[PDB]
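Novice: Questions regarding the structure given below will be posed in turn.
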Amino acid sequence: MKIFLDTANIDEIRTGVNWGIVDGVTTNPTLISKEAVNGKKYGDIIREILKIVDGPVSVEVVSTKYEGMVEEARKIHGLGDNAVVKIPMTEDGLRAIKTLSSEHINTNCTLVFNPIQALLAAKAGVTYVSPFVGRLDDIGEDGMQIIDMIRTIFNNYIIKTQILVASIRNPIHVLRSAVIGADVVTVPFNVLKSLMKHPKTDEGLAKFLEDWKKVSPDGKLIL
Amino acid sequence: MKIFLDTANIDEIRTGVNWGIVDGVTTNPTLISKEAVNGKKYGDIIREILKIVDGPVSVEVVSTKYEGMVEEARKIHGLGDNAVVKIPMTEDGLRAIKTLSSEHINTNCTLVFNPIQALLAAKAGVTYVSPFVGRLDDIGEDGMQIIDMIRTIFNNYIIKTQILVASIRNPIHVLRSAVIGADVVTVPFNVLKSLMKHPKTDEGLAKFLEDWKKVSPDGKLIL
Amino acid sequence: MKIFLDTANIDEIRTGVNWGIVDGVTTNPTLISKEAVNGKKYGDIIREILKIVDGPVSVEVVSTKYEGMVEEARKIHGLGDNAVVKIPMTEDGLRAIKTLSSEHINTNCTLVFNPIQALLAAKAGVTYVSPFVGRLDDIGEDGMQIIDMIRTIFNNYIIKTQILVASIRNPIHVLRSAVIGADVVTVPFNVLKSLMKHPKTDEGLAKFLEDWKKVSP
Amino acid sequence: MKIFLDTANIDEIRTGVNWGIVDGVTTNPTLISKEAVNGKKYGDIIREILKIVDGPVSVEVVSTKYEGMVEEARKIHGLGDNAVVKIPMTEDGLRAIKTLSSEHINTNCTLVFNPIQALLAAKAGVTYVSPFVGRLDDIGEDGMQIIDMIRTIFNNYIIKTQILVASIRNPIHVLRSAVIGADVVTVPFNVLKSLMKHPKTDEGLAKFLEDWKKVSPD
Amino acid sequence: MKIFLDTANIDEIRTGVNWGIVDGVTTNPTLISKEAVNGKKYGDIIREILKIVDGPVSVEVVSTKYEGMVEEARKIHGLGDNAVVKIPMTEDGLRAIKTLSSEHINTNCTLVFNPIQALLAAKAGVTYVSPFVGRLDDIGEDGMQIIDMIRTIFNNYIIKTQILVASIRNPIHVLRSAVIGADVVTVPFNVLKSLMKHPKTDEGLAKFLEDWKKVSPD
Amino acid sequence: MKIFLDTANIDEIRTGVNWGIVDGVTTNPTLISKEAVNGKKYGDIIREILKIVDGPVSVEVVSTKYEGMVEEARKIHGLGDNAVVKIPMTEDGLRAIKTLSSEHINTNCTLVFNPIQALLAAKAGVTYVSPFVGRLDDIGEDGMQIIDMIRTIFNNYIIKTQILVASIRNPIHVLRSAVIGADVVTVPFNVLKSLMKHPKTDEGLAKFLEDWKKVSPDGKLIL
Amino acid sequence: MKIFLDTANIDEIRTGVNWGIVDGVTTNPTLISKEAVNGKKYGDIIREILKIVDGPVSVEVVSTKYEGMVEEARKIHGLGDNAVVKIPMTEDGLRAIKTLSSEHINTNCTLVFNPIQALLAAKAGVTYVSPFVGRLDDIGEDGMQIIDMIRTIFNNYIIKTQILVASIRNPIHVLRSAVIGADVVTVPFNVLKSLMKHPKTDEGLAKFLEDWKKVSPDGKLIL
Amino acid sequence: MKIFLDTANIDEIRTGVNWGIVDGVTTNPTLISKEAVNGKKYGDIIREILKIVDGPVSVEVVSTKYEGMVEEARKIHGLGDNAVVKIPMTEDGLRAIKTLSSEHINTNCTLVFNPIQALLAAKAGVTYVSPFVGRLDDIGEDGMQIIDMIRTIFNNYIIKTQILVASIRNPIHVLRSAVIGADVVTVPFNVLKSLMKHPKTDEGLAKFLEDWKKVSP
Ligand SMILES: O=C[C@H](O)[C@H](O)COP(=O)(O)O
Ligand SMILES: O=C[C@H](O)[C@H](O)COP(=O)(O)O
Ligand SMILES: O=C[C@H](O)[C@H](O)COP(=O)(O)O
Ligand SMILES: O=C[C@H](O)[C@H](O)COP(=O)(O)O
Ligand SMILES: O=C[C@H](O)[C@H](O)COP(=O)(O)O
Ligand SMILES: O=C[C@H](O)[C@H](O)COP(=O)(O)O
Ligand SMILES: O=C[C@H](O)[C@H](O)COP(=O)(O)O
Ligand SMILES: O=C[C@H](O)[C@H](O)COP(=O)(O)O
Ligand SMILES: [Cl-]
């Protein structure tokens, strides 16, 4: 399962990549604008992210109409081969995904809330579908069930579109995504960091290191 | 399923190895502290185990910082081809695993208590991941359920990291691990011994021998 | 299933109670300390909640010793008939619960993280037990499974202790609690606010008023 | 399982009750106005349905404010004891339901789309909750799953609120409602009529008529 | 589980009752007309069956129209209190069932092929519903699944209508009906007879006899 | 679950009753004739069994025709109120069971090999049905599945006829009968005796008694 | 579910009893042998436990013969109303249980390793049956499955004998027992202690106290 | 699924082999001692079976020590290419199996009562492992469940050791073994004899010959 960092913060990105557990990045104008402070320019942020990240970097199109979407998507693509254009599940979005797929521009269909929407995006040629699980949870539907059904559908037809679990709110979204077999999850840095933690890890390490001092007062390992 | 012996006790290790049922050994700083008493030095213990044992021998770094982990890992690796460097599930540990994996040094990520920690370790490139089933049992959670989930997750993504079930307390941990399909179990010597035994084995062998005496008073099979 | 509000924020409590969907309130030392700032005293905050809220209000002791817990519990109890004394799941806590129960003082055992802790609390005679689902989720364990097991265990032994699902983070904790059959959920204000809402209700409402304008301008 | 007819057509209603499979009626302004043709007073329609039906007749309030809802509800109640006041799942709706409940006026909470909304209505004391399964189907979610969850939840808490499956589109919504154990379904007349039919029933009827005219040509 | 004989042959009925495994009888025009020979008239056969059988005897109407159905039904009832009137699942049928049950006349709704039809008949007050499982098998639908669903639905609502599995073709329809918990099966005499048989029973009898001859050659 | 002893041996019966786990007896002419040795008369055997056994005692009718069955059954009944007349699943048997049930003579329908046969016997008023599980096993059908289905059928209709599992061959027939909820099993004395045995019981008792000698050399318990 | 303490250690018993979480005590000859050393007499130990403990206290006979079991059972019973006589699953043990049950002496049948042994003990009239889950685990069989079957069997027949899960080794035996619905578990002191504990309990309480200090430097709650 | 005959009775073996449904034979010290009576020597019985039976024939060592087992195994092996050396599941047995395996001598690990013992035998390189289902049944445990778990474990690790179900008591052990997918069953003669039979086959045969007599006297 790939993990994308949902942020535009370059320090967070570098740190996560160094942990060896970050495979790409998902952005939006809000996340980018957040970093555009103290001299940093909006466009400079996205360009640096595209440069330093080996993997996929998702960038949203703001145009809501077909022509604007494709023209914008082409400009985004021009910024880096690893750019992935984020396009909403709408009639014009599907048309744009079909057109962009033909041009070999990678795409990410967002605002997916049921499995058939996900399937339609895959049929139009989309690279990723991003169902928003936390937003389904918000309205009293278990959002992970939609991920499970999409996984089954995609498996049934050997669909190559990747499931990108989005609107992630907690570590159990991540656990269930992994057990289901979702291709990717995107998570904020704080969620990412929480994924490696457990109180028995902390307690266990403290005990090991206490015991080691019995055999090595300086706490060293000399070999 | 491989069976490793979870101990730093040399006598236990030579004995198990001779039964031909031991495929490797796992140590940790606590186990080594039990052994390095009354003049015995930890460095001598580690070298001796690497010597006696043909299979993988896990030895845990003690530094909690990236650079110290890597440095100690390289020294451990240098002691013999069968050495496997054990690294805790921490931020620095993941960094170390990524680096050491790129250097083709075999690694074992320890103090794992949930399936997502296991997945992160695998993503960082770890050779083995060691979830602690008995310590989960200790806190009122069925530890084997975590092994089942890790197996499912690893299968989903064709992950090559080996699942090494640790903190094993009884033969049912071993049985359930085998039925789940974990790659390795590491067991304490008392548990290892018990695996070979069953009262009906004892009783059946006694009866065979009693019946054989009717036909051969000396108890020999002369062909 | 009762629904309690998990906060010491008086504004939130007034708002939720005015909506008519709050059956009680839970507080803890963190929540209260959060509100007791810039001149506001924890004692006034506690008294205010007890008066505002008709239903059960849980207030947690801070002593870690048996004697201190029972002493504090009696003071909490004396603040009003709706006060429920929250007691942590510790050895001294179980002792305090047993004593408080025999004195007919309502209790709520908190910081419960597995079903056997919950059972121990019930055996001590606790009125409510509050397992923390969100904190289990935080450490990579599906917290709701613990609620499911506690419900089964309590059903097996006809245990009268109410299961009070706490550390709730989202409306699916709530949905799953109701499907399991937990007695009570306690929810943060942001969660409470969402429970009545659905986008199809909104859409349906809009459509209704439009249909009606046809029938009758 | 009770079956309500979701319309204001009096002929449809008589017909269904005569079949002995109609226990009540659910209306709304749209449905009532439909019958308000050729000299028929809108209010007359509602009043006649109320008179003829020996069971619950649901009539919706149009006010969105608590105070308008309860005044409107009391007036609706005054039209017949079998009147049930339909009120939407909103903050003011729940408040109104709680008030009307205490006044012993029967209520029906509508526009419910998940089980927790249904539980909130139950907790307000509502007589019926009406989840809209067809509208859930419309948006790619199997609406009957919500009914199944509400049935379990109501069972858990011995809730006396009746589950009234609404927005029904086909006979399988009905079959699944019955297998789940929902208390009530409300269906359009065309759905109602289709419920009694099966091609093997038609074939069997023709076969029995033919078999019979061997036994007796006359 | 009650067992009714699907016949109008008195000798078959008497023998079945003597085995203690027959609780009633189901007829139709064809079955009665088969026995209506050699002086015996249609009406006498039905009267003789009604008298001898200490249980329900189902007799079918031939009218397809409401009024005719009820007229017939009242005549059939007059023949004896144990008489049960078969009525098809149709609009007029439901109407007749509602009317007859209100008059405390027992009814059996036939030509039921799905669970909702069964529910409708129950709602109209029918005493028995008779889904035809063999005819469902005939068209590539596992008939017993329908009995299963009807059992679940009837259980959900504590429905007192009895499920009477009809169109039985083999002993597995019977086994499955009993495992499901259907109230009644009706079977021809030949199926009834087959129900008692098993080759290990026959083998065991022969062994008992041989074992006994050793113990007591006499 | 009641346990009947399938024997005519009076010593076995007394012994099993003393264990508190025998509730009645099932016989047949073969089992009775076996005991009719060294002066003991066939009829004396059955009469003594009827006298000493509090619970039910099953006795087979040998007549295959209705009139012979009922006349024989009445004579058996005349021997003791606890006599239960064993009658095969045949057309004449069903007629006899119906007649005998009316006379309040208890009956046991044997040679039952499917669930519907069992149901027919119950409808005729039979006290027990005896399906022969071992004989189904003999022909490659799992005989316990028939018991399970009969249990479900009987439960469905609150049938008061007792399921008497017969042709029992091993302790797992007994275990599965108990888990299913069969009313009764009938077993030979040797099977009965085997039911209380387990090697860990033997080993555990030996260990307890060895340890007790540490605190009580004479092995006594003086209180 | 009742919780008994499985020990003859007086200090452990007084401590557990004070936590108010202990509902009774189970002993056996081994446990008593651990305690009756250095001058301490077994008779004094038994009497002291019966004294300290308000709930049932099981004490095991040592004779292997019917008459000795009954005689010892009567002496045990005579020591106090809360005494429960423990009897092994043997031929003589079943005889003893039948007799003692008729005398209204509470009994506990021990060394049970399968569900049919448990059923036989219940049929003989035993008050409690004690299956040994850990010793089954020891021989490679999941001991809890036997508890599940006994629960099902006892439910089927409305058996009033209490299931007392014994040979408990860890908190998951306890958890599974509760979920199954066993009447009683008896646990070693170390296991008992662990049942109350969880790392998130410790961490949560520490944080509450830290946060409270912001509002009350003395850490008191003054109302 | 192969079917072996579990006996040292030469009459039974000849009879079963003549039926063409016996693929091999298993013996053990008890079975052999049963036949080696009244002048008949165990050595002659063993040699006779090896000659009569074309398929695998298992003969069990009697030494309990590693050296004695290997010595006896080599002698057994030298009696014929179809000989399989049966070795008990003990510490010395596992050592012997590992040595015998490296020497390309076929082995059969017996007295196995749980799936982990079976796994250990496989890890030592054993050709066949023989769990005893009937002896488990004897002690109140459904022996077939152990076969099901061993099949799962062996499937998980692509283990080539054949599962040889032993201590078989009835045809349902056999049916269940085949449905699970065990490689081999070994059955006593009384069981073997029953496997081809069914009362409906007999009846069907009788009916066929009667129908045929109509068609053609
Ligand atoms: O692509 C990223 C999405 O915008 C994000 O994951 C959704 O965030 P929210 O649903 O939590 O607002
Ligand atoms: O990898 C080995 C682990 O450190 C070890 O198995 C932990 O065992 P414990 O939980 O018994 O200390
Ligand atoms: O009883 C209430 C608990 O103290 C509270 O729900 C904990 O919530 P949190 O874990 O989300 O802070
Ligand atoms: O209460 C009845 C509802 O108004 C009706 O069933 C809605 O139907 P629709 O969702 O098909 O418009
Ligand atoms: O009531 C009896 C039914 O009419 C009968 O069983 C159905 O028979 P058929 O469907 O085979 O005609
Ligand atoms: O009533 C007893 C039966 O005859 C007996 O249990 C069956 O024995 P068998 O089937 O093993 O021959
Ligand atoms: O009843 C108590 C048992 O004798 C005890 O629990 C056995 O425990 P052990 O298996 O640890 O010896
Ligand atoms: O491999 C064969 C075993 O030794 C034999 O099958 C044991 O059979 P039994 O347990 O039925 O004697
Ligand atoms: Cl353990």
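Just remember, in the structure tokens the first chain shown is A, the second B, etc., residues are 1-based per chain, and ligands are 1-based in the order shown.
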Extract the full set of strand (DSSP E) residues from region 67-121 of chain B according to DSSP on the backbone, and format it as a ChimeraX atom specification.
Specialist: /B:83-88,107-112
Novice: If you count only C-alpha atoms and all ligand atoms, which residues end up within 8 Å of ligand 9, as a short mmCIF file (atom, residue, chain, number, x, y, z; two decimals) with N, CA, C and O atoms, in the first residue's frame?
Specialist:
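To be explicit, this is the file written out as pocket_25.cif:
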```
data_model
loop_
_atom_site.label_atom_id
_atom_site.label_comp_id
_atom_site.auth_asym_id
_atom_site.auth_seq_id
_atom_site.Cartn_x
_atom_site.Cartn_y
_atom_site.Cartn_z
N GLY B 134 2.45 -12.13 22.80
CA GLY B 134 2.25 -12.35 24.22
C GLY B 134 2.04 -11.05 25.00
O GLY B 134 1.25 -11.00 25.95
N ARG B 169 4.37 -17.35 23.94
CA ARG B 169 4.25 -17.79 25.34
C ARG B 169 3.84 -19.25 25.46
O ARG B 169 4.03 -19.87 26.49
N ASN B 170 3.24 -19.81 24.40
CA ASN B 170 2.65 -21.13 24.51
C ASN B 170 2.52 -21.79 23.12
O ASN B 170 2.68 -21.12 22.10
N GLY G 134 -5.04 -24.41 30.06
CA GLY G 134 -3.62 -24.24 29.82
C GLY G 134 -2.90 -25.55 29.53
O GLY G 134 -1.98 -25.61 28.71
N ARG G 169 -3.63 -19.32 32.13
CA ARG G 169 -2.22 -18.92 31.99
C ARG G 169 -2.06 -17.45 31.63
O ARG G 169 -1.00 -16.88 31.81
N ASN G 170 -3.12 -16.83 31.09
CA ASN G 170 -2.97 -15.49 30.55
C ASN G 170 -4.34 -14.78 30.48
O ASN G 170 -5.37 -15.41 30.65
#
```
Novice: Distance limit 10 Å, reference ligand 1, atoms considered: only C-alpha atoms and all ligand atoms. Which residues make the cut? Give them as a JSON list (two decimals) with N, CA, C and O atoms, in the first residue's frame.
Specialist:
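After the write, selection37.json holds the following:
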```json
[["chain", "number", "residue", "atom", "x", "y", "z"],
["A", 4, "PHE", "N", 0.54, 8.45, 0.49],
["A", 4, "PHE", "CA", 0.80, 9.82, 0.07],
["A", 4, "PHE", "C", 0.62, 10.76, 1.26],
["A", 4, "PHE", "O", -0.25, 10.56, 2.12],
["A", 5, "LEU", "N", 1.45, 11.80, 1.29],
["A", 5, "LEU", "CA", 1.31, 12.83, 2.29],
["A", 5, "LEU", "C", 0.42, 13.93, 1.74],
["A", 5, "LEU", "O", 0.68, 14.48, 0.66],
["A", 6, "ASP", "N", -0.63, 14.24, 2.48],
["A", 6, "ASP", "CA", -1.57, 15.27, 2.10],
["A", 6, "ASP", "C", -1.10, 16.59, 2.72],
["A", 6, "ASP", "O", -1.58, 16.98, 3.79],
["A", 7, "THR", "N", -0.15, 17.25, 2.07],
["A", 7, "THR", "CA", 0.43, 18.49, 2.57],
["A", 7, "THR", "C", 1.21, 19.21, 1.48],
["A", 7, "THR", "O", 1.53, 18.62, 0.45],
["A", 25, "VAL", "N", 2.61, 12.74, -2.95],
["A", 25, "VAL", "CA", 2.00, 13.85, -2.22],
["A", 25, "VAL", "C", 0.66, 14.25, -2.85],
["A", 25, "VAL", "O", 0.52, 14.21, -4.07],
["A", 26, "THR", "N", -0.33, 14.59, -2.03],
["A", 26, "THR", "CA", -1.56, 15.18, -2.55],
["A", 26, "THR", "C", -1.68, 16.62, -2.05],
["A", 26, "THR", "O", -1.48, 16.89, -0.87],
["A", 27, "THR", "N", -1.98, 17.53, -2.96],
["A", 27, "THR", "CA", -2.08, 18.94, -2.59],
["A", 27, "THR", "C", -3.42, 19.51, -2.97],
["A", 27, "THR", "O", -4.23, 18.87, -3.65],
["A", 28, "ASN", "N", -3.66, 20.72, -2.51],
["A", 28, "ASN", "CA", -4.80, 21.50, -2.95],
["A", 28, "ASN", "C", -4.44, 22.96, -2.74],
["A", 28, "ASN", "O", -3.46, 23.25, -2.04],
["A", 29, "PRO", "N", -5.17, 23.88, -3.36],
["A", 29, "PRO", "CA", -4.73, 25.28, -3.26],
["A", 29, "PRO", "C", -4.62, 25.76, -1.81],
["A", 29, "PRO", "O", -3.76, 26.59, -1.52],
["A", 30, "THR", "N", -5.46, 25.23, -0.93],
["A", 30, "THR", "CA", -5.44, 25.64, 0.48],
["A", 30, "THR", "C", -4.12, 25.23, 1.14],
["A", 30, "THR", "O", -3.46, 26.04, 1.78],
["A", 31, "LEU", "N", -3.74, 23.97, 0.96],
["A", 31, "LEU", "CA", -2.49, 23.48, 1.55],
["A", 31, "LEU", "C", -1.28, 24.25, 1.03],
["A", 31, "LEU", "O", -0.34, 24.52, 1.77],
["A", 58, "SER", "N", -0.26, 15.20, -6.65],
["A", 58, "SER", "CA", -1.58, 15.60, -7.13],
["A", 58, "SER", "C", -1.83, 17.09, -6.96],
["A", 58, "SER", "O", -1.61, 17.66, -5.89],
["A", 59, "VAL", "N", -2.32, 17.71, -8.04],
["A", 59, "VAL", "CA", -2.61, 19.14, -8.09],
["A", 59, "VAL", "C", -4.03, 19.37, -8.62],
["A", 59, "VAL", "O", -4.40, 18.84, -9.67],
["A", 60, "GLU", "N", -4.84, 20.15, -7.91],
["A", 60, "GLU", "CA", -6.25, 20.30, -8.29],
["A", 60, "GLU", "C", -6.45, 21.27, -9.46],
["A", 60, "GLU", "O", -5.74, 22.26, -9.55],
["A", 86, "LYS", "N", -5.89, 16.59, -10.58],
["A", 86, "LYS", "CA", -7.04, 16.22, -9.78],
["A", 86, "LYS", "C", -8.29, 16.86, -10.37],
["A", 86, "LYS", "O", -8.36, 18.08, -10.53],
["A", 108, "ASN", "N", -6.49, 12.16, -11.33],
["A", 108, "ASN", "CA", -6.96, 11.71, -10.02],
["A", 108, "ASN", "C", -8.38, 12.23, -9.87],
["A", 108, "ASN", "O", -8.58, 13.44, -9.78],
["A", 109, "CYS", "N", -9.36, 11.33, -9.87],
["A", 109, "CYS", "CA", -10.75, 11.77, -9.80],
["A", 109, "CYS", "C", -11.19, 11.89, -8.35],
["A", 109, "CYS", "O", -11.19, 10.89, -7.62],
["A", 110, "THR", "N", -11.56, 13.09, -7.94],
["A", 110, "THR", "CA", -11.93, 13.35, -6.55],
["A", 110, "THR", "C", -13.43, 13.45, -6.36],
["A", 110, "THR", "O", -14.20, 13.36, -7.32],
["A", 111, "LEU", "N", -13.83, 13.66, -5.11],
["A", 111, "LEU", "CA", -15.24, 13.80, -4.76],
["A", 111, "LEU", "C", -16.04, 12.56, -5.20],
["A", 111, "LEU", "O", -17.16, 12.66, -5.70],
["A", 130, "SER", "N", -10.27, 8.89, -5.87],
["A", 130, "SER", "CA", -10.13, 9.29, -4.47],
["A", 130, "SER", "C", -11.49, 9.37, -3.77],
["A", 130, "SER", "O", -12.11, 10.42, -3.75],
["A", 131, "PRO", "N", -11.95, 8.26, -3.19],
["A", 131, "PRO", "CA", -13.18, 8.32, -2.38],
["A", 131, "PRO", "C", -12.90, 8.99, -1.02],
["A", 131, "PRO", "O", -11.86, 8.75, -0.40],
["A", 132, "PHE", "N", -13.83, 9.83, -0.56],
["A", 132, "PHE", "CA", -13.62, 10.60, 0.66],
["A", 132, "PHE", "C", -14.28, 9.92, 1.87],
["A", 132, "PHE", "O", -15.43, 10.21, 2.19],
["A", 133, "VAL", "N", -13.55, 9.03, 2.53],
["A", 133, "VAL", "CA", -14.18, 8.19, 3.55],
["A", 133, "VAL", "C", -14.67, 8.96, 4.79],
["A", 133, "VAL", "O", -15.72, 8.65, 5.34],
["A", 134, "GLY", "N", -13.90, 9.96, 5.22],
["A", 134, "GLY", "CA", -14.26, 10.72, 6.40],
["A", 134, "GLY", "C", -15.55, 11.50, 6.18],
["A", 134, "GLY", "O", -16.35, 11.68, 7.09],
["A", 135, "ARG", "N", -15.76, 11.95, 4.95],
["A", 135, "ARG", "CA", -16.98, 12.69, 4.65],
["A", 135, "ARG", "C", -18.22, 11.81, 4.60],
["A", 135, "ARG", "O", -19.32, 12.28, 4.87],
["A", 136, "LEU", "N", -18.05, 10.54, 4.25],
["A", 136, "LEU", "CA", -19.13, 9.56, 4.37],
["A", 136, "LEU", "C", -19.41, 9.29, 5.85],
["A", 136, "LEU", "O", -20.58, 9.25, 6.27],
["A", 138, "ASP", "N", -19.01, 11.30, 8.15],
["A", 138, "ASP", "CA", -19.66, 12.51, 8.66],
["A", 138, "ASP", "C", -21.17, 12.41, 8.51],
["A", 138, "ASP", "O", -21.91, 12.96, 9.32],
["A", 164, "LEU", "N", -7.27, 5.49, -4.20],
["A", 164, "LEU", "CA", -6.55, 6.42, -3.35],
["A", 164, "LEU", "C", -7.49, 6.87, -2.24],
["A", 164, "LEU", "O", -8.29, 7.79, -2.44],
["A", 165, "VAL", "N", -7.41, 6.23, -1.08],
["A", 165, "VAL", "CA", -8.31, 6.55, 0.03],
["A", 165, "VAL", "C", -8.03, 7.94, 0.59],
["A", 165, "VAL", "O", -6.92, 8.22, 1.05],
["A", 166, "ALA", "N", -9.03, 8.82, 0.53],
["A", 166, "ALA", "CA", -8.84, 10.20, 0.95],
["A", 166, "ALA", "C", -9.82, 10.58, 2.05],
["A", 166, "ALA", "O", -10.62, 9.76, 2.50],
["A", 167, "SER", "N", -9.76, 11.83, 2.50],
["A", 167, "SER", "CA", -10.55, 12.26, 3.64],
["A", 167, "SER", "C", -10.32, 11.29, 4.81],
["A", 167, "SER", "O", -11.26, 10.87, 5.49],
["A", 168, "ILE", "N", -9.06, 10.91, 5.01],
["A", 168, "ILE", "CA", -8.71, 10.02, 6.11],
["A", 168, "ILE", "C", -8.65, 10.78, 7.43],
["A", 168, "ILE", "O", -8.08, 11.88, 7.50],
["A", 169, "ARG", "N", -9.25, 10.22, 8.48],
["A", 169, "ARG", "CA", -9.39, 10.94, 9.75],
["A", 169, "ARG", "C", -8.68, 10.28, 10.94],
["A", 169, "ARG", "O", -8.47, 10.93, 11.98],
["A", 185, "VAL", "N", -3.23, 5.29, 0.39],
["A", 185, "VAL", "CA", -3.93, 6.20, 1.30],
["A", 185, "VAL", "C", -3.21, 7.55, 1.27],
["A", 185, "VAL", "O", -1.99, 7.62, 1.17],
["A", 186, "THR", "N", -3.97, 8.64, 1.38],
["A", 186, "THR", "CA", -3.33, 9.93, 1.59],
["A", 186, "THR", "C", -3.70, 10.46, 2.97],
["A", 186, "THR", "O", -4.86, 10.43, 3.37],
["A", 187, "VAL", "N", -2.68, 10.88, 3.71],
["A", 187, "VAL", "CA", -2.85, 11.27, 5.10],
["A", 187, "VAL", "C", -2.03, 12.52, 5.38],
["A", 187, "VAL", "O", -0.99, 12.74, 4.76],
["A", 188, "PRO", "N", -2.52, 13.36, 6.29],
["A", 188, "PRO", "CA", -1.77, 14.51, 6.79],
["A", 188, "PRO", "C", -0.55, 14.04, 7.57],
["A", 188, "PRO", "O", -0.54, 12.89, 8.03]]
```
Novice: Output the contact residues of chain G with respect to chain C at a cut-off of 6 Å, based on only C-alpha atoms, as a ChimeraX atom specification.
Specialist: /G:19,178-179,181,196,201,208,211-212,215
Novice: Determine which residues of chain F sit within 10 Å of chain G, taking into account only C-alpha atoms, and present them as a ChimeraX atom specification.
Specialist: /F:1-3,15-23,171-172,174-183,193-205,207-216,219-223
Novice: Write out as a PyMOL selection string all residues of region 48-189 of chain F that backbone DSSP assigns to helix (DSSP H, G or I).
Specialist: chain F and resi 48-52+66-77+91-102+115-123+133-138+143-156+171-180+189
